[PDB]
Amino acid sequence: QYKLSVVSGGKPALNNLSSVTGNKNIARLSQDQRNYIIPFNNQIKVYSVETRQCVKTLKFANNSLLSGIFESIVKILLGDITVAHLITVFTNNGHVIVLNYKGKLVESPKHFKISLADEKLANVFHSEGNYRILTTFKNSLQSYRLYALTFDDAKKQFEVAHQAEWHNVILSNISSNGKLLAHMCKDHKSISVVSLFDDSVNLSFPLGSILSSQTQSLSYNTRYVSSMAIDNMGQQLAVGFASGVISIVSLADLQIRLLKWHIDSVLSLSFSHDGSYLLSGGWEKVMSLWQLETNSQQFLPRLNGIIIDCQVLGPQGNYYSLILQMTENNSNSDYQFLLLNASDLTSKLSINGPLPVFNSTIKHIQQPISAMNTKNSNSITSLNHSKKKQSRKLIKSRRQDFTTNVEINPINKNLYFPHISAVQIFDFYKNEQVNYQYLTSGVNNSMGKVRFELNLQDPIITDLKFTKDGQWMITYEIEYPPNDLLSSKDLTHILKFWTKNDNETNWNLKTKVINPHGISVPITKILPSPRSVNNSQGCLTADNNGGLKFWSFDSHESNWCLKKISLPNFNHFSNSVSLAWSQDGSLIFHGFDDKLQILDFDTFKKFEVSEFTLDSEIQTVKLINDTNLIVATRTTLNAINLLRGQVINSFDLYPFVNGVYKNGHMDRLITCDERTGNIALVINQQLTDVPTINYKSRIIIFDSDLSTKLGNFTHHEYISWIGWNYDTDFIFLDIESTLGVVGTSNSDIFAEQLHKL
Amino acid sequence: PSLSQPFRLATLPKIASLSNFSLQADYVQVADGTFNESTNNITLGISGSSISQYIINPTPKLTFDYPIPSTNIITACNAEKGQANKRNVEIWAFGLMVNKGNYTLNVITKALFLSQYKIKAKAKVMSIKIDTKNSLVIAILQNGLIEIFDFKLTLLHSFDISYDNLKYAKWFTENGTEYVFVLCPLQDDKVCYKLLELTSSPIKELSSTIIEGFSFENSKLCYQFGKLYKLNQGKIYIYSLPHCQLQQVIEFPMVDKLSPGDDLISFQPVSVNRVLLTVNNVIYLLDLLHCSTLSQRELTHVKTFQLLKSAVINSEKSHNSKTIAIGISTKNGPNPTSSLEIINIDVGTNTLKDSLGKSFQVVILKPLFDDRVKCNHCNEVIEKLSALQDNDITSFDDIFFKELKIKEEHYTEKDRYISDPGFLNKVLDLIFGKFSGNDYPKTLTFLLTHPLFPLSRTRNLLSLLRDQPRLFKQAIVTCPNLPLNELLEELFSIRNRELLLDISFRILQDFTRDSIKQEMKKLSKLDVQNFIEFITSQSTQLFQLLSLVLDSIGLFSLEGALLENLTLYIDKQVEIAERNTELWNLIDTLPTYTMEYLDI
Amino acid sequence: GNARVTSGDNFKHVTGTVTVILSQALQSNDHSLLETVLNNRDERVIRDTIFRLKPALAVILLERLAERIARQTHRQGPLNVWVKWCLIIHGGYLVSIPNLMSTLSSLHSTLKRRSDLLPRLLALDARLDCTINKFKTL
Amino acid sequence: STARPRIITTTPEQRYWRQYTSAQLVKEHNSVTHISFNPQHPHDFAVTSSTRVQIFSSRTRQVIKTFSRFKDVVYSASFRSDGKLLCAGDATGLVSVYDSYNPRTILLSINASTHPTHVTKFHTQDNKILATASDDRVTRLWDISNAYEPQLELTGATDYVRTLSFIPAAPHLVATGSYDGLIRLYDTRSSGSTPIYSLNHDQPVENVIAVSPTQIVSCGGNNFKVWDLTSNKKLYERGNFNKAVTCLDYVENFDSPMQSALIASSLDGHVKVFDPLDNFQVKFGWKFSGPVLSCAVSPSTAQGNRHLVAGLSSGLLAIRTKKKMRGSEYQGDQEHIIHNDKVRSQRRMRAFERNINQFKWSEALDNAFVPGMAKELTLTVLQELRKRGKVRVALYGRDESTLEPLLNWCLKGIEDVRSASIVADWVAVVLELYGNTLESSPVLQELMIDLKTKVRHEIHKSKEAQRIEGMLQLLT
RNA sequence: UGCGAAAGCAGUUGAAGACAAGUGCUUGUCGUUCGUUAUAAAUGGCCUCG
């Protein structure tokens with residue numbers, strides 16, 4: 001009956017090598033400069049630059065060769081090496097595959113395999129028919145080898161020959177022309193620049209010569225280099241420093257020139273083709289174009305995220321390619337690729353995948369390096385300790401929630417991600433983002449945080465829901481006071497109601513309630529009202545104190561109003577609360593701690609059994625249909641018939657759900673259809689002979705009353721979340737940012753010749 | 001929802017045809033026109049006696065009567081008010097069959113007799129509809145003929161459904177247009193269903209279907225809002241118009257036990273998805289959508305009660321939840337007497353509130369997955385414990401803890417499989433029966449800590465455990481859903497300081513300020529003084545409780561002499577508390593000429 | 001934009017006496033006449049005027065005091081004594097009222113906000129007294 | 001790239017009447033009895049004062065015509081619907097008709113009665129007929145053609161009749177209210193002279209007005225009541241007024257957020273607007289020096305600035321008014337492709353906003369504490385600096401000379417509830433940052449002592465606040 | 001760092017290797033490792049199109 005199928009895409013793919021800097025971007029612009037090619041973690045997207053739309057998409061699953069092969073793409077080369085709309089993809093393991101775009105994907109591409117002996121392919125490059133490949137072999141520093149690659153037509157094989165070798169490579173970068181390589185080694189350290197296809201350039205010198213004596217006197221941050229850039233001609237080399245100082249060095253005589261505007265560690269440096277211009281970007285969320293001739297600078301401020309990489313892409317420097325990080329989301333690294341114009345500094349193409357916020361960090365994501373160790377960044381020393389601590393947390397600890405809230409829009413079926421202090425509106429039918437809107441106050445895009453400012457925490461959008469009609473948005477936000485202040489412990493709770501007419505794309509704030517339910521009391525749960533009550537313009541808000549508050553939109557006041565209240569001043573606190581409303585809207589089920597309560601809506605108090613006691617705290621209360629109520633407690637789940645007041649089925653969840661999830665995540669994991677049945681999700685940890693990072697999930701389709709399992713399917717990764725689309729199908733989000741769905745003649749020759757002409 | 005006591009409308013005459021109680025409802029006809037939600041009048045045809053119109057409120061009274069010969073049987077009767085050529089009038093149309101030799105269709109016009117007319121009908125009249133707008137009387141016959149006459153009984157039209165032996169015909173209006181559907185038996189339990197629209201021919205056939213497996217001889221039928229309800233062998237079959245397809249089947253277990261032949265069953269509709277079912281002298285108000293028994297009433301003073309007709313509420317459009325129904329009740333005794341009785345019915349709000357916990361339909365943990373990953377016999381125990389001798393604590397605990405593999409004297413997250421309430425409640429009984437006085441087993445301590453401690457045994461639990469302070473302390477801390485009334489009484493009765501503190505915290509945690517106050521008003525005026533005097537002699541919870549105490553007693557009842565101590569006492573802590581707050585924060589908190597002494 | 005702010009405590013939709021002037025001002029909603037009456041700062045006058053004020057008009061005075069305090073918090077104290085005596089004199093009458101929270105919601109909210117200042121001011125004064133005790137001895 | 005976010009800093013019905021800001025107080029020589037508005041543009045309004053009637057230009061708000069022929073005191077200045085004719089009564093009982101804007105010529109003179117004629121109103125439906133009321137207690141209905149005999153002489157009033165009204169859409173009905181407390185309704189094509197029915201007001205009737213075809217509002221004594229003719233009973237009644245209500249007028253379909261408004265004079269110096277759509281509930285009011293005898297508003301189709309007029313027994317007239325390169329202009333009407341990309345410049349930012357955008361933390365704090373600066377705006381800049389995480393930074397480079405301005409406001413802002421928490425935030429930092437500088441500076445120490453006296457006082461108020469919260473729990 | 005409510009209740013912050021500086025000894029560091037649940041500070045601030 002049911003079947004699972006991946007629908008959307010995932011993150012853009014990056015050359016995630018620590019040593020490589022200035023070459024993270026792997027997306028390439030076509031020779032004709034009419035479309036941009038970007039490899040994702042699971043697909044390859046070709047976007048026509050003129051129209052700014054995904055003209056073509058290549059899914060690895062569709063082709064058997066890519067399905068088996070996909071390992072990540074290390075580079076793309078326009079055209080075919082072996083031999084007008086072909087491309088050659090090189091992956092880390094060494095698979096060289098020639099595929100086609102602007103057309104139909106052939107099920108038999110020219111798959112090849114380069115021979116590498118314990119070498120991980122890192123980069124490849126070419127100037128004119130000559131191909132060199134950089135490879136990695138293993139003091140926590142990787143060593144690199146430069147080989148020559150040629151294709152022999154007799155054997156149809158890629159032969160590899162040795163050219164050069166460097167050891168303990170710390171940082172590396174390649175020129176824009178792809179003909180010079182600059183790198184740093186510990187043999188404190190030394191910089192060496194070498195020509196790749198020729199012996200013309202071969203220079204080396206200790207780093208200390210470039211470093212100023214004052215830099216020696218000051219902290220390590222001043223001596224800590226964060227970025228490298230090399231001019232095409234090889235005369236100029238730009239060094240970045242964590243302190244934010246740029247040093248341009250003339251290779252001819254090792255003469256230094258200081259350019260100092262960045263207040264925080266500079267992340268991206270790139271020279272222009274001519275060399276008179278320098279693009280610089282860092283934590284400031286601002287690009288600086290440095291006029292080297294007069295040491296002047298032009299600014300492109302207020303980016304979406306901090307700049308990881310910069311590059312000039314064009315025969316005359318027509319386009320700039322940018323990588324943005326969105327450092328606010330500490331849990332996950334959100335990369336966005338931006339293609340700007342030198343002419344007017346406008347976005348000709350912005351691309352980025354879904355941007356969920358998980359409760360905790362996942363896999364091996366590490367915060368970018370900064371001048372200091374902060375919440376959104378890591379210091380120089382903090383990197384290794386943080387990496388080890390992250391690994392040991394994923395290994396030994398038991399709390400592995402990684403659960404993200406997501407919302408579905410009934411009217412449009414768009415997906416809403418409550419990103420930090422913002423909402424990302426994304427279309428999974430088109431697999432393209434449609435909007436990014438800030439729902440809160442706070443320092444979000446006014447300015448770029450640097451140094452201690454980075455410790456500031458922006459407002460957190462914890463809950464985001466739609467009404468049944470879909471014309472209204474309810475959002476709940478938490479304001480964190482700044483630290484080191486008397487009022488450093490009074491978190492503020494804010495509720496907002498928004499409305500949007502269907503044609504527009506921007507939601508408008510209609511009402512704001514400050515400190516709902518009182519002061520310092522979180523809104524643990526929110527539930528939109530059913531269509532029966534106030535034709536889908538009412539809602540319920542529930543606390544950890546058992547207080548229930550029913551708001552409604554009244555036409556005469558023209559806004560939302562507080563209609564009903566029930567404030568039982570319980571003396572105990574618990575974040576485990578759940579709320580459900582009948583389809584008719586007559587009765588309300590409120591589960592607080594270990595105790596479920598039935599309330600008459602009209603009087604908004606106990607019905608006149610109203611109390612059901614549970615073994616443990618209740619995480620989820622939902623009614624699959626008007627007759628049956630499924631209640632999940634921290635240890636198990638039980639199906640109860642309100643009509644009989646008796647349990648039909650009981651399933652034991654403790655072996656899988658003990659301390660792995662914080663209370664309230666079962667709400668967003670468990671989903672229910674209003675016609676056919678519900679679904680239960682369980683992720684679990686895999687191992688062979690101590691814990692390993694990889695995760696495996698199982699989805700079970702259950703009928704109303706849980707008598708039978710309609711289906712049992714398995715996914716090979718941690719499914720972060722599921723929701724029930726208003727259609728019969730259910731949509732599930734996977735920690736690789738993957739959204740899948742589980743659901744049920746002379747004239748003819750004359751014409752040809754004229755068309756060619 | 002509720003059912004009112006039946007009140008008599010009239011006493012049925014002692015006629016031979018009416019003597020057969022089982023068929024008595026067949027010999028009494030209720031006019032559709034005069035009997036609805038808003039009408040206070042009922043027109044009833046009693047076969048062999050008369051057609052009589054009664055007013056119901058304020059008191060039942062006979063308003064009109066038209067006599068009929070005792071040898072005649074009323075097969076169809078209708079009455080409707082309208083305007084006739086214009087004078088306001090009441091038109092009464094009735095059919096009388098005499099010995100099957102002749103059938104008489106009779107129409108009477110009365111001024112609100114203006115006229116009376118009588119014709120010979122070809123077959124027995126099943127249903128009659130009066131259209132006052134067009135001044136038409138439409139009569140359906142058992143042979144399948146639908147004849148449209150004027151008020152003068154002049155035949156204007158005749159339509160043939162092509163099927164004889166018609167058994168049921170019901171009229172209904174949808175979107176301002178009149179409709180009628182008919183049922184005609186066929187052989188082999190096959191049935192022809194036809195739907196006809198009333199507009200060359202004023203009658204248009206919209207649907208014609210043959211429904212299989214539809215028996216009549218033991219089937220009770222009624223229709224409501226496009227749904228046809230069939231009661232047979234204790235199962236209610238619900239069919240949807242205009243093609244009469246079986247949508248759902250509802251099994252009603254309270255009828256399957258009825259022996260076939262002796263029990264008298266009547267079945268009529270009362271509201272949307274709500275029907276009236278009578279089983280001899282018991283009447284049931286049922287909700288078919290939710291399958292719940294909204295109300296039940298037993299008429300101890302009559303042998304049987306048969307529903308005749310019921311005024312049906314369209315609750316979807318009507319705010320009114322009260323209606324009436326008319327039926328025949330037969331008295332107990334050697335000379336049974338039958339009377340016409342009216343029952344007032346409160347259908348309700350048609351919400352899931354009315355149906356919760358009232359179902360008329362009468363566990364064990366199971367693995368999630370049937371079959372390289374982390375892991376983050378109740379009766380047998382019962383009989384073993386029951387087999388023990390009285391006052392054997394060690395054996396009782398040993399069997400319970402060892403058999404259940406319980407490791408701790410208190411409930412833990414690992415003890416879930418024991419959570420089955422049936423097993424626990426039996427163990428509670430064994431502990432009570434086996435052990436009395438001052439010694440109870442350690443098993444009670446474990447059960448006390450259990451979240452699912454039975455509510456039935458919560459009452460008096462503090463009284464049972466008063467003799468052992470340790471058990472009493474445990475009951476305060478973790479025993480679930482302890483009645484507030486007992487704790488309030490124990491709060492003002494116990495003199496131990498520690499127990500007083502523990503009780504108060506439990507009250508504030510588990511009960512609202514409002515819930516505490518009302519019961520706390522009941523407490524005697526002297527007892528509160530003792531508690532207050534205790535205070536004058538973690539504490540903020542007690543002070544909050546005292547704040548409640550001052551709340552319930554009221555400004556009148558406070559006696560000025562005692563308050564003198566309280567303000568001086570209460571002020572004694574405000575100065576202390578203010579002092580403590582001040583301490584709390586603190587712990588959180590060149591010259592032109594100089595003389596200096598050089599060291600050399 | 002034009003969205004309005006609101007607080008969760010807004011439970012709205014859930015001789016020498018001047019008594020005659022006060023009663024007329026309250027009945028006629030004459031703010032200027034009510035203002036001059038409120039200007040008196042002599043406590044004995046406040047008690048006597050409220051003493052002779054009819055219980056029915058005493059209720060609406062509470063709302064008038066609530067709104068005026070809300071608009072100008074600096075008048076909270078001087079108008080606090082007024083509401084103090086209204087509850088004192090007409091406490092029994094207020095008890096025999098079907099509903100109080102809805103009609104006195106503004107007083108609830110206005111009164112609550114003042115209390116929330118108390119915890120922080122004590123912290124402010126405690127840090128502040130420490131410094132003052134520092135230089136005074138030095 | 002995105003534009004920099006901008007720093008973020010009653011009823012809609014109430015805001016409407018506040019726009020009548022300009023108030024001109026003119027002095028007349030006697031009590032102004034009646035005020036009328038001309039039904040057409042320029043909608044100049046007429047005032048009855050002493051022995052003359054004065055017409056005031058709407059725009060100029062000054063007298064343009066004066067009618068002084070009347071020997072005795074004047075009692076009416078009502079226009080006919082067309083506005084060409086103006087009728088007025090006198091104590092002698094003579095009723096005179098003047099062509100509007102032509103005071104010299106008498107168009108028609110009738111002696112209604114020997115007794116005073118207090119009301120003279122043209123019939124709104126019919127031009128020819130004119131209605132007059134006299135102390136004779138007979139409300140004669142005169143006609144322009146017939147100046148020697150009334151067409152109808154309505155009677156039945158046992159006291160002075162000083163209120164005549166015509167029901168809109170119902171020329172049937174002539175409504176009269178006498179000081180008997182009875183409002184009498186008359187039908188004209190009938191024989192007349194006997195009311196259709198009488199409505200009891202229980203108090204002398206001062207003015208009767210027809211709000212709608214079926215709704216008649218009678219303002220008499222200390223309250224005004226609205227009666228529905230179909231039901232023949234008072235639908236609503238309001239008695240908020242203290243003095244006896246005297247005059248009342250109604251305006252509909254005017255550009256306010258409300259569809260209609262109802263203004264009623266009180267004789268207490270109060271004129272209040274009422275909402276017919278909301279059961280005639282209070283929505284706005286004004287106060288004047290003395291009792292109000294007449295009130296009026298500009299008609300719905302004023303076609304310009306609206307006018308609110310109040311008449312006082314002192315003769316004071318209060319008028320409140322709500323005011324209402326040859327190719328450079330081609331605009332490319334005929335061109336194929338039109339492109340517009342010009343972007344309006346952002347609204348002018350204040351000095352403090354510029355500093356924050358420029359990271360001038362210390363100066364922004366300085367801009368906060370400047371003379372004639374709004375208190376609320378001062379909170380925003382302080383809140384923003386706290387929100388930005390720059391509090392110690394802005395307070396670092398400061399001495400006593402530049403520290404006092406912050407403390408001064410803190411001395412006053414500590415009192416305010418909204419700023420109390422913020423004041424505690426900043427005052428805490430300056431102390432932990434300038435404890436030593438406090439030691440060597442006397443002047444601040446005095447600023448420090450007075451801060452104790454005020455913050456201590458607030459503790460008493462906040463303490464007292466917690467006490468009263470106890471009562472409000474007990475009373476409920 | 002664990003748990004919990006937000007308040008808080010409990011518990012941690014070790015060892016080795018290498019380098020620099022001062023005088024084999026002392027101190028400080030680590031794009032070095034093993035194990036535990038485990039101030040900052042190179043004068044350096046955000047564009048233009050009314």
# chains A, B, ... in the order shown; residues from 1 in each chain; ligands from 1
$ interface_residues --of "chain A" --to "chain D" --cutoff "9 Å" --atoms "only C-alpha atoms" --output "list in words"
residues 300, 301, 302, 303, 304, 345, 346, 347, 442, 443, 445, 446, 447, 452, 453, 456, 481, 482, 483, 485, 486 and 487 of chain A
$ write_last_selection --atoms "N, CA and C atoms" --output "compact mmCIF listing (two decimals), in the first residue's frame"
# COMPACT_ATOMS: atom_id res chain seq x y z
N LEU A 300 30.19 46.03 0.55
CA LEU A 300 28.92 45.39 0.24
C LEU A 300 28.45 44.80 1.57
N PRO A 301 27.66 45.54 2.35
CA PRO A 301 27.37 45.12 3.72
C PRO A 301 26.10 44.29 3.86
N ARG A 302 25.81 43.88 5.09
CA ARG A 302 24.58 43.17 5.43
C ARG A 302 24.36 41.95 4.53
N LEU A 303 25.25 40.98 4.65
CA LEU A 303 25.02 39.69 4.02
C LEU A 303 24.14 38.83 4.92
N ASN A 304 23.60 37.75 4.33
CA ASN A 304 22.79 36.83 5.11
C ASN A 304 23.62 36.12 6.17
N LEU A 345 26.47 45.07 -8.01
CA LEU A 345 26.49 44.42 -6.70
C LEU A 345 25.09 43.95 -6.31
N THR A 346 24.49 43.16 -7.20
CA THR A 346 23.16 42.61 -7.01
C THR A 346 23.19 41.10 -7.21
N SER A 347 22.22 40.41 -6.61
CA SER A 347 22.21 38.95 -6.60
C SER A 347 21.60 38.42 -7.89
N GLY A 442 15.74 42.13 17.53
CA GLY A 442 17.06 41.61 17.82
C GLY A 442 18.08 41.99 16.76
N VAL A 443 19.34 41.74 17.09
CA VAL A 443 20.44 41.99 16.17
C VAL A 443 20.53 40.81 15.22
N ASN A 445 20.13 41.35 11.25
CA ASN A 445 20.83 41.83 10.06
C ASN A 445 21.18 43.30 10.15
N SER A 446 20.99 43.93 11.30
CA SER A 446 21.39 45.33 11.45
C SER A 446 22.90 45.47 11.29
N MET A 447 23.66 44.54 11.84
CA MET A 447 25.11 44.63 11.83
C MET A 447 25.69 43.24 12.05
N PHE A 452 33.11 39.97 21.37
CA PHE A 452 32.16 39.68 22.44
C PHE A 452 30.72 39.83 21.99
N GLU A 453 30.46 40.67 20.99
CA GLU A 453 29.11 40.78 20.45
C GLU A 453 28.60 39.42 19.98
N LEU A 456 26.21 37.36 22.10
CA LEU A 456 24.80 37.71 22.23
C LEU A 456 23.94 36.65 21.56
N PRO A 481 18.10 37.83 27.84
CA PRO A 481 18.76 39.08 28.19
C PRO A 481 20.25 38.99 27.96
N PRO A 482 20.94 40.11 27.74
CA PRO A 482 22.40 40.08 27.67
C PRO A 482 23.01 39.65 29.00
N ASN A 483 24.17 39.01 28.91
CA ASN A 483 24.84 38.50 30.10
C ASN A 483 25.53 39.64 30.85
N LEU A 485 24.70 41.26 33.58
CA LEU A 485 23.80 42.33 33.95
C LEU A 485 22.89 41.85 35.07
N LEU A 486 22.34 42.81 35.81
CA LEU A 486 21.41 42.46 36.89
C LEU A 486 20.20 41.72 36.34
N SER A 487 19.65 42.20 35.23
CA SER A 487 18.55 41.52 34.55
C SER A 487 19.07 40.55 33.49
$ closest_atom_pairs --of "chain D" --to "chain E" --cutoff "9 Å" --atoms "only C-alpha atoms (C1' of nucleotides)" --output "tab-separated table"
residue	atom	partner	partner_atom	distance
D:342	CA	E:49	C1'	8.2
D:343	CA	E:49	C1'	8.3
D:344	CA	E:50	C1'	8.6
D:345	CA	E:50	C1'	7.5
D:357	CA	E:46	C1'	8.3
D:358	CA	E:45	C1'	7.1
D:359	CA	E:45	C1'	6.4
$ interface_residues --of "chain B" --to "chain C" --cutoff "10 Å" --atoms "only C-alpha atoms" --output "PyMOL selection string"
chain B and resi 555-556+578+581-589
$ atom_distance --atom1 "CA of residue 420 in chain B" --atom2 "CA of residue 668 in chain A"
28.7 Å
$ interface_residues --of "chain D" --to "chain C" --cutoff "7 Å" --atoms "only C-alpha atoms" --output "list in words"
residues 240, 241, 242, 415, 416, 417, 420, 421, 424, 428, 435, 439, 459, 461, 462, 465, 466, 469, 475 and 476 of chain D
$ residues_around --residues "range 379-393 of chain A" --least-positions-apart "4" --cutoff "12 Å" --atoms "only C-alpha atoms (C1' of nucleotides)" --output "PyMOL selection string"
(chain A and resi 18+140+219-226+241-243+264-265+331+360-375+397-400+451+690-694) or (chain E and resi 1+29-33+35-38)
$ atom_distance --atom1 "CA of residue 321 in chain B" --atom2 "CA of residue 608 in chain A"
19.6 Å
